Amino acid sequence: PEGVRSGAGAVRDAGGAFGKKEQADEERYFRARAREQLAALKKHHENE
Amino acid sequence: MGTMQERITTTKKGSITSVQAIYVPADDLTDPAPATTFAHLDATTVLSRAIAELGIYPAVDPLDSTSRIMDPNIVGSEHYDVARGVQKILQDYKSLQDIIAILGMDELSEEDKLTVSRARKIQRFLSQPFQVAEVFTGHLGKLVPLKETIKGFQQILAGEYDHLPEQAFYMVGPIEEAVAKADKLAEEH
Amino acid sequence: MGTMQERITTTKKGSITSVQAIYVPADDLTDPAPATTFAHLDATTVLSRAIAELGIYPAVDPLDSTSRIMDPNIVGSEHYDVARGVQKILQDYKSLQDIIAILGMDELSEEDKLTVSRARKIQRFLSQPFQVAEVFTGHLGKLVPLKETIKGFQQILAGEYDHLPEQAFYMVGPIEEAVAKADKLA
Amino acid sequence: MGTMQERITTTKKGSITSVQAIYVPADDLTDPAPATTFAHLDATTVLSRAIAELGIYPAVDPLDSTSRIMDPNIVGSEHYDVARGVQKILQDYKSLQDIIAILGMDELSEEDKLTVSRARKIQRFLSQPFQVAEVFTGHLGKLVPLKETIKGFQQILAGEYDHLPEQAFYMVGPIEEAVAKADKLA
Amino acid sequence: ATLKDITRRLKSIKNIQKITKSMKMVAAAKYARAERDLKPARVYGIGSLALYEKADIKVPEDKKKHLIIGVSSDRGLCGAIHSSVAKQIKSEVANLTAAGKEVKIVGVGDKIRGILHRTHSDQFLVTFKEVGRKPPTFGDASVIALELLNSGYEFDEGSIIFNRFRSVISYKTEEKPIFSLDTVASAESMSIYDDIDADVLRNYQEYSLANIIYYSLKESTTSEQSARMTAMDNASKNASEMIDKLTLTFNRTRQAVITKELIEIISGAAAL
């Protein structure tokens, strides 16, 4: 109890190298899927 | 502080509704000036700088705001369950961000990916364009009643909009406008 | 602190010995309160809960407690070598326990299987019954002289009693009662 | 302090050149005493203990030293370009320390490995032997002209010496001594 | 150099260490099963290649080019497993182009495609994906061999490169030749076999290709697992080394703050 106890999300709060490295990967991965979703929306709406 | 604060009350002869703005020096909530002010209030909203850097306005911290009438016997059961369900998934989002730092995004299981995808969409839908900020953002303001606020989050929690991109939920009013934004985005692609 | 602690010494007529309990604030060993006290101490005794989990009493940690007269020029030569060997074997057993939890028990060579058994016997020869708890557990108290302790640990370290089972060394006094208790079993 | 310092100047009757040694208590640069002397200087040279630990002498920090006449219109364009390139290369390598300290060198791509190798080669070439230290170091003093330093750093920046070991650029003078020491150390 | 920065920086590494420590045991558990299944496949793999061993067959100097196959996975954090294969892949092509051939490279595993894409984009013939998540099976080798023959490209020579499991702490990189060309197979030493035909030899080479592919995959997986375990052990050692200096720095700063804040109260009380 006397010592330093960590919690959840402490990696992204310090703002070091690992936080920005973590952020860019999510940005890329979810930038990739939106193209497929939009293309399938256009195909669905054109079909019907 | 106590001598002054006790005079702002609603006695049996009339009612006073008060709104007060409080400044926190250097983003430190343990400072003695804001520390001894939490006891005098009935509802608190805490603004944060981390959220503002993502571009989400108003920058309200969803896991650090409280109210006294958040009870199942005052606001009903549906309204209460929706808010608790939102807060639980927002808390669960944080723990998954440690794993992604070491091992990449693609090694996660499919359930974790679905959890992250739902949490990111929930986060965007809380932003809203104001009417006094038309010079900054460049959009017209919106107002949303309570029933649409409940229903929009209940539907996203159910999973009825897993086939849409994130950008459709950013800076909109009701839930009906996100699909109309996505259709225009599809048309312009 | 100096004026008080300097009255506990050994004069020509007699001597006074003290046992003191220490509390470290904030788990910081460089705090001015415990750092001043450590300049006067001559020994330490550490009691742990993990030792008590295994069923060892008294629960004194052997690898964590230290003394200062533990030198060949004071206690002698035989005592020092025996107490060095027991620490060596108990130290290497703990390092090899990590291997057995990853690679498996089959990776152990032939010598490792012997060192493990000797360490497992030694870890049980260190317990002892007390007289002040006589009525509760119904066992006589034991008071072992120093010579019997040195001899008993030396003979286990040699490898002489390498056929009796482990449980013969549990909650006994001198070395003879262990062979007698092993005689009674089976 | 301002009363004393303002008298050591250069006027329309003569010139004075000043060299002063300053002390920092407990390796702290924010102490009030050395933090008010920065405003009374035209050139600064900061020494570090961490560099001295690695064995680089003189232990001058290359990312914390400034001068007032470092501009293209006084020292020339080529000198300025070389200095800015070496400073950029040194800055880039400092931002990878956290990843290397845990994950290791294998996680980097090829360009990052190349920048790491070039920065580690550049760090060695900044050391030099002094003549006043020959008595207790067993070396010989050296004195380099400016053009040779400019050309030697240009050649390293261009990658002409990527086939040499990094230990050949340690405690030498002009660049020609690196190839000979590398040739002996085959 | 303030107290908040030290606290945050300590709290980040405290989580990183536990993540690595928990990731080590999973690799040990996978390595156990990966080692278990290697022995039955080793005898099959060696038995497939006995005929080529007994009757020596040497390829002539032709110009039908090679077919180089490199095997890897889609996951990192495994030391220098992929770099060793990608090192020899680019070494062989220089000798091959010294004579002059239309060589093509086929790689199974995404990292192999990623590493060598910049300088050898054109030579790529076909690449595969979804490797390493689950243990390999014979059906995957069947699929790869089936998709390899349908390509219009034809070759007289070829080789496959892989990492061979040697010990829990070491491995060796090696390659094996392929003489699947029918014409080179029909040589003097084959006259001893006296019930052969062109159709039979075509089918026999077809089967030998899948056998070699399966053997290579089952060899490579174990080495990959055994390397990842060691990497995840060293990372936790480094994290444990860092969290020990940060604590001492934190304690010193904590004492200094109290002393500095007490002096001010005393000084402001004395001046009244």
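Protein chains in written order, with the entry's author numbering: chain J, 30 to 77; chain D, 381 to 569; chain E, 381 to 566; chain F, 381 to 566; chain G, 26 to 297. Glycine is no exception: its CB is placed at the ideal position from the N, C-alpha and C atoms.
So what's residue i in DSSP terms, helix, strand or just coil?
| i | result |
| --- | --- |
| residue 300 of chain G | No answer is possible for residue 300 of chain G: the residues shown for chain G start at 26 and end at 297. |
| residue 201 of chain G | strand |
| residue 418 of chain E | coil |
| residue 410 of chain D | coil |
| residue 465 of chain E | helix |
| residue 405 of chain E | helix |
| residue 475 of chain F | coil |
| residue 54 of chain J | helix |
| residue 459 of chain E | helix |
| residue 559 of chain E | helix |
| residue 51 of chain G | helix |
| residue 549 of chain F | helix |
| residue 73 of chain J | helix |
Alpha carbon to alpha carbon, how far is residue j from residue i? Give it in angstroms, no decimals.
| i | j | result |
| --- | --- | --- |
| residue 431 of chain E | residue 497 of chain E | 18 Å |
| residue 57 of chain G | residue 193 of chain G | 11 Å |
| residue 459 of chain D | residue 448 of chain D | 15 Å |
| residue 410 of chain E | residue 273 of chain G | 9 Å |
| residue 106 of chain G | residue 252 of chain G | 8 Å |
| residue 441 of chain D | residue 129 of chain G | 56 Å |
| residue 417 of chain F | residue 401 of chain F | 11 Å |
| residue 245 of chain G | residue 489 of chain D | 24 Å |
| residue 424 of chain F | residue 471 of chain F | 19 Å |
| residue 232 of chain G | residue 538 of chain D | 52 Å |
| residue 66 of chain J | residue 512 of chain D | 35 Å |
| residue 435 of chain D | residue 515 of chain D | 16 Å |
| residue 545 of chain D | residue 64 of chain J | 9 Å |
| residue 108 of chain G | residue 549 of chain D | 43 Å |
| residue 481 of chain F | residue 433 of chain F | 18 Å |
| residue 190 of chain G | residue 241 of chain G | 11 Å |
| residue 509 of chain D | residue 536 of chain D | 20 Å |
| residue 553 of chain E | residue 484 of chain E | 36 Å |
| residue 505 of chain F | residue 57 of chain J | 40 Å |
| residue 419 of chain D | residue 408 of chain D | 17 Å |
| residue 501 of chain D | residue 30 of chain G | 32 Å |
| residue 159 of chain G | residue 532 of chain D | 40 Å |
| residue 518 of chain E | residue 524 of chain E | 19 Å |
Note the first and the last residue of the continuous beta strand (DSSP E) segment covering residue i.
| i | result |
| --- | --- |
| residue 189 of chain G | 183 to 192 |
| residue 132 of chain G | 129 to 133 |
| residue 151 of chain G | 149 to 153 |
For residue i, which residues does DSSP report across the bridge?
| i | result |
| --- | --- |
| residue 59 of chain J | According to DSSP, residue 59 of chain J bridges with nothing at all. |
| residue 424 of chain D | D/446 |
| residue 440 of chain E | E/427 |
| residue 394 of chain F | F/391 |
| residue 310 of chain G | What the structure shows of chain G is the stretch from 26 to 297, and residue 310 of chain G is not part of that stretch, so it cannot be assessed. |
Would you mind reading off the limits of the alpha helix (DSSP H) that contains residue i?
| i | result |
| --- | --- |
| residue 261 of chain G | 223 to 295 |
| residue 455 of chain E | 452 to 455 |
| residue 107 of chain G | 106 to 124 |
| residue 171 of chain G | 163 to 174 |
| residue 65 of chain G | 63 to 73 |
| residue 516 of chain E | 514 to 517 |
| residue 399 of chain E | Taken as a continuous stretch (DSSP letters only), residue 399 of chain E belongs to no alpha helix (DSSP H), as it is neither H nor E. |
| residue 537 of chain D | 526 to 538 |
| residue 494 of chain E | 490 to 505 |
| residue 383 of chain F | 382 to 385 |
> What residues in the segment 258 to 282 of chain G have a beta carbon less than 8 Å from any beta carbon of chain F?
Replying inline: Correct list: 259, 260, 263, 264, 267.
> Using a Cβ cut-off of 7 Å, which residues of the segment 32 to 48 of chain J contact any Cβ in chain D, in chain order?
Replying inline: 37, 38, 40, 41, 47
> Which residues, taken in chain order from the segment 467 to 489 of chain F, show a beta carbon closer than 8 Å to some beta carbon of chain G?
Replying inline: 481, 482, 483, 484, 486, 487
>> Using a Cβ-Cβ cutoff of 7 Å, what residues of the segment 219 to 247 of chain G are near chain J? List them in chain order.
In response: Cβ contacts with chain J: none found.
> Between the segment 392 to 416 of chain E and chain G, which residues of the former have a C-beta closer than 7 Å to a C-beta of the latter?
Replying inline: 408, 410
> Residues in the segment 47 to 64 of chain G with C-beta within 7 Å of chain E's C-beta atoms, listed in sequence order?
Replying inline: Listed by position along the chain: 53.
> If contact means a Cβ-Cβ distance below 8 Å, which residues of the segment 96 to 116 of chain G contact chain F?
Replying inline: 101, 102, 104, 105, 108
> Between the segment 124 to 148 of chain G and chain J, which residues of the former have a C-beta closer than 9 Å to a C-beta of the latter?
Replying inline: none
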